[PDB]
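Take a look at the structure set out below.
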Protein chains: 2
Amino acid sequence: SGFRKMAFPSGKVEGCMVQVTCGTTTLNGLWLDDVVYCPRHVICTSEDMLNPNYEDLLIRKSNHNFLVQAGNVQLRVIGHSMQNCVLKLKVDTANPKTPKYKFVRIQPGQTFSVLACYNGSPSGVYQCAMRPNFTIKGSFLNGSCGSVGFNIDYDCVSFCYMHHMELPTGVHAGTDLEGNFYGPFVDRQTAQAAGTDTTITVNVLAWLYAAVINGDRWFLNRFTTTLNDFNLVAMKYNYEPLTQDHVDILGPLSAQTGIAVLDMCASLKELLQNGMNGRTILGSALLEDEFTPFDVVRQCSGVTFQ
Amino acid sequence: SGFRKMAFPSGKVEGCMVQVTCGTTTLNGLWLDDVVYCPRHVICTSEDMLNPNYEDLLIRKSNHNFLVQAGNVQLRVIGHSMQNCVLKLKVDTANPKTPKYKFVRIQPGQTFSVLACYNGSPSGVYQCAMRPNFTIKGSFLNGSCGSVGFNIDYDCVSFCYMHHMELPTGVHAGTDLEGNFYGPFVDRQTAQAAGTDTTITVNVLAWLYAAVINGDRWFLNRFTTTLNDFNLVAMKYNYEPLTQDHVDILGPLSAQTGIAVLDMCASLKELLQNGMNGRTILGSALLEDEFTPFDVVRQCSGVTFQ
Ligand SMILES: *C(=N)[C@H](C[C@@H]1CCNC1=O)NC(=O)[C@@H]1[C@@H]2[C@H](CN1C(=O)[C@@H](NC(=O)C(F)(F)F)C(C)(C)C)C2(C)C
Ligand SMILES: *C(=N)[C@H](C[C@@H]1CCNC1=O)NC(=O)[C@@H]1[C@@H]2[C@H](CN1C(=O)[C@@H](NC(=O)C(F)(F)F)C(C)(C)C)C2(C)C
């Protein structure tokens, strides 16, 4: 029993972190094979960050202007290219610790582990969800850029995120490992808005199923509803509209507990309309939306990795 | 900015996990140097767990009754001893991945990372606090025993916990790495009570300081209090009594924010007496007590590890 927010083991990603310095600016890089990936704003000064022209700024840089360091060991840079907002530095040495990996673009609602890094060294690991507004709720300070997000599929590390910036509301923004930002964000120190953040409904239902599995089920009322009537109520609370695809993904949880998705939707409706009354669910006084149906199944089975 | 519950990177501990089988019972072991450590109830059958006599049960076991497996590789057991509730199996091969380590007994209120394991393979990592009642709020299923808790001090892994059992209220219990349980718990399948769980006051104050650091400070009232008047109110809410040692540990946070500990105590008093009114602090509708002053400082600086 017990339900906790859990990150994937980070060992396979720890071996891929390096420190990338250009001028005075130092950040983290991801060393896979003979390529190091980092945010392209490593070439900027503080002044440049205000309105950068990355092409012109990069045109003044050679391979020798990039200091790539793995522990107390320097890697020799023999190539460099800008791919969208990421800089790829080709090095003469392949990472002997390169795991089986792939680059993926995660969808909103999906979760991933973040290994927060400073000066190429891991500081900590935590779980995040890609919000519907393409922001994350992380914990990143100066030097954290280049810290990556990932999932583990038994032996294969799937990289999905690279940290670039923090927005005015305290939330975070970054790119996939090809350099494309999630959301409308740009890598420039200029005022940018995240936009209305909605609640990942399928994840809230998955979290209600974990609560039921773990004996916590006071919220289960005797009512039921329809997808359109539930959606009509959920949109009033800024909840993402539940679809038949979402219903099918909740399938294994619905089967393991004997509770129809539409019955669980009606209990969610009464929780949204009447609140929690100071009571808790899994030790929380709010409805939690950062656990996918897969996160709940993995934890209610104990899925292990290599 | 941003404040998240963060586990230490788990790579150094991943290399120490092995699978220990005795009869049909399989659990996790911690392989450091030429010794493997696991819960002594690996020698029990389901029936034995009801009222075990570990000495007599162990007396029927030889080195060859213990199957120790690292990946798809068997370790040859050449010695075995019971140290309190842990079984230590001496193997012919030292772990080539043994990091710099030490065994420590943590105090209540202190936190640590748990690398949850099944069949010797890591499944996930999360942070826990040793409650004042010597229980933890984990996420452990069948096979999770032998999963360990640890802290990292730059290069040195400090092992402080080994999982053994789950109590009736869903909470967890285990031992240090010498086999002594935290709390009054025994490794026997018999009804056992955790006892009244109190709130780690110094940690709640540390979490209020992280909230202030991260711009969240609505709760800051214009009142102040004394240690005895605050304690008189905190004991009514099952809060651990704040001491001058606690005040001194909050020092760096008090200095970084310009807020006296006793002023922060008065705001905590009004939060306990009048509630949060549906408002949140760091995205939480409850007062959080699983972040020590050290956890807050580490995150509001970005302390990194080897
Ligand atoms: C990279 N190490 C940091 C990560 C930041 C540091 C504070 N917390 C973080 O997440 N990235 C930056 O400092 C980026 C960088 C220039 C400005 N910057 C920002 O994150 C700024 N944000 C913005 O201007 C905004 F709102 F548009 F996102 C900052 C004001 C420092 C928070 C570049 C190139 C975007
Ligand atoms: C070891 N792999 C498991 C971990 C358990 C499995 C479910 N979640 C956990 O934390 N340890 C056990 O199954 C231990 C083991 C016998 C019984 N057991 C328990 O945890 C039981 N608890 C108790 O009887 C109680 F309340 F006293 F703690 C159980 C009923 C299965 C929860 C031994 C030797 C203690």
Side-chain angles (χ1 to χ4, degrees), chain A residues 1-2 20 25-28 38-52 54 57 85 116-119 135-136 138-147 162-175 181 183-194 214 302, chain B residues 1-2 20 25-28 38-52 54 57 85 116-119 135-136 138-147 162-175 181 183-194 214 302:
Chain A
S1 316
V20 180
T25 298
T26 287
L27 43 68
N28 310 275
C38 75
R40 70 178 173 173
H41 74 255
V42 62
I43 75 176
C44 294
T45 67
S46 290
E47 187 172 70
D48 283 328
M49 285 172 194
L50 297 179
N51 188 21
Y54 288 100
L57 292 175
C85 305
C117 296
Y118 300 89
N119 296 125
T135 64
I136 79 174
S139 175
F140 296 105
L141 295 168
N142 253 69
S144 77
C145 296
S147 297
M162 176 171 277
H163 185 59
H164 290 239
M165 69 197 261
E166 175 176 291
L167 290 151
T169 64
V171 302
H172 300 101
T175 70
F181 263 89
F185 311 116
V186 312
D187 48 355
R188 174 186 179 190
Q189 190 175 310
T190 192
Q192 291 173 63
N214 288 280
Chain B
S1 316
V20 180
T25 298
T26 287
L27 43 68
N28 310 275
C38 75
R40 70 178 173 173
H41 74 255
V42 62
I43 75 176
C44 294
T45 67
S46 290
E47 187 172 70
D48 283 328
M49 285 172 194
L50 297 179
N51 188 21
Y54 288 100
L57 292 175
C85 305
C117 296
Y118 300 89
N119 296 125
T135 64
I136 79 174
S139 175
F140 296 105
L141 295 168
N142 253 69
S144 77
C145 296
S147 297
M162 176 171 277
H163 185 59
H164 290 239
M165 69 197 261
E166 175 176 291
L167 290 151
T169 64
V171 302
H172 300 101
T175 70
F181 263 89
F185 311 116
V186 312
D187 48 355
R188 174 186 179 190
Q189 190 175 310
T190 192
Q192 291 173 63
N214 288 280

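Each ligand, and each atom within it, is numbered from 1 in the order the structure gives. Only this structure's heavy atoms are used, side chains among them; waters, hydrogens and symmetry mates stay out. Every chain is numbered from 1 and lettered A, B, ... according to where its sequence line falls, protein lines coming before strand lines.
- Distance screen at 4.0 Å: atom 30 (C) of ligand 1 has no protein heavy-atom neighbour inside the cut-off.
- How far CE of A:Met49 is from CE of A:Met165: 12.0 Å, rounded to the nearest 0.5 Å.
- The protein heavy-atom contact nearest to atom 18 (N) of ligand 1 is A:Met165 CB, 4.3 Å.
- Listed by number with element, the atoms of ligand 1 under 4.0 angstrom from any heavy atom of A:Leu167 are 26 (F), 28 (F).
- Below 4.0 Å from some heavy atom of A:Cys145 lie the following atoms of ligand 1, by number and element: 1 (C), 2 (N), 3 (C), 4 (C), 11 (N).
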Q.
For B:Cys44 and B:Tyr54: C-alpha separation, side-chain torsions, deciding distance, then whether side-chain contact (heavy atoms from CB on, under 4.5 Å) applies.
A. CA-CA 8 Å; B:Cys44 294; B:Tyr54 288 100; 3.5 Å; yes
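- From A:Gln192, atom CD reaches atom OG1 of A:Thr135 across 12.5 Å, with rounding to the nearest 0.5 Å.
- Expressed to the nearest 0.5 Å, how far CG of B:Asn119 lies from CG of B:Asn28 amounts to 7.5 Å.
- Within the 4.0 Å heavy-atom cutoff, B:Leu141 counts among the residues contacting ligand 2.
- Within a 4.0 Å radius of atom 20 (O) of ligand 2, the protein contributes at least one heavy atom.
- In this structure, of A:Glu166, A:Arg40, A:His41, the residue bringing a heavy atom nearest to atom 25 (C) of ligand 1 is A:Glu166.
- Ligand-side atoms of ligand 1 in range of A:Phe140: 8 (N), 9 (C), 10 (O), range being under 4.0 angstrom from any heavy atom.
- Note: A:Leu57 CG to A:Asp48 CG = 4.5 Å, rounded to the nearest 0.5 Å.
- Comparing A:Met49, A:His164, A:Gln192, A:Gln189 against atom 11 (N) of ligand 1, the shortest heavy-atom distance belongs to A:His164.
- Of the candidates B:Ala173, B:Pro39, A:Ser1, B:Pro168, the one placing a heavy atom closest to atom 26 (F) of ligand 2 is B:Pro168.
- Among A:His163, A:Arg40, A:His164, the single residue meeting the side-chain hydrogen bond (donor to acceptor under 3.5 Å, both in side chains) criterion with A:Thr175 is A:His164.
- Near A:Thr190, meaning under 4.0 Å from any of its heavy atoms, are these atoms of ligand 1: 24 (O), 25 (C), 27 (F).
- For atom 14 (C) of ligand 2, a protein non-hydrogen atom is found at a distance below 4.0 Å.
- Contacts of A:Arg188 with ligand 1, taken as heavy-atom pairs under 4.0 Å, involve the backbone alone.
- Residue contact check for ligand 2: B:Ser144 places a non-hydrogen atom closer than 4.0 Å to it.
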Q: List the steps, then state whether side-chain contact (heavy atoms from CB on, under 4.5 Å) holds for A:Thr190 with A:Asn51.
A: CA-CA 8 Å; A:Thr190 192; A:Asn51 188 21; over 6 Å; no
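- Every atom of ligand 1 with a heavy atom of A:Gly143 under 4.0 Å away is listed here by number and element: 2 (N).
- Distances from atom 35 (C) of ligand 1 to the protein include at least one heavy-atom value under 4.0 Å.
- With a 4.0 Å cut-off on non-hydrogen atoms, A:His172 touches ligand 1 through its side chain and not its backbone.
- Some N or O of B:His163 is nearer than 3.5 Å to an N or O of ligand 2, by distance alone.
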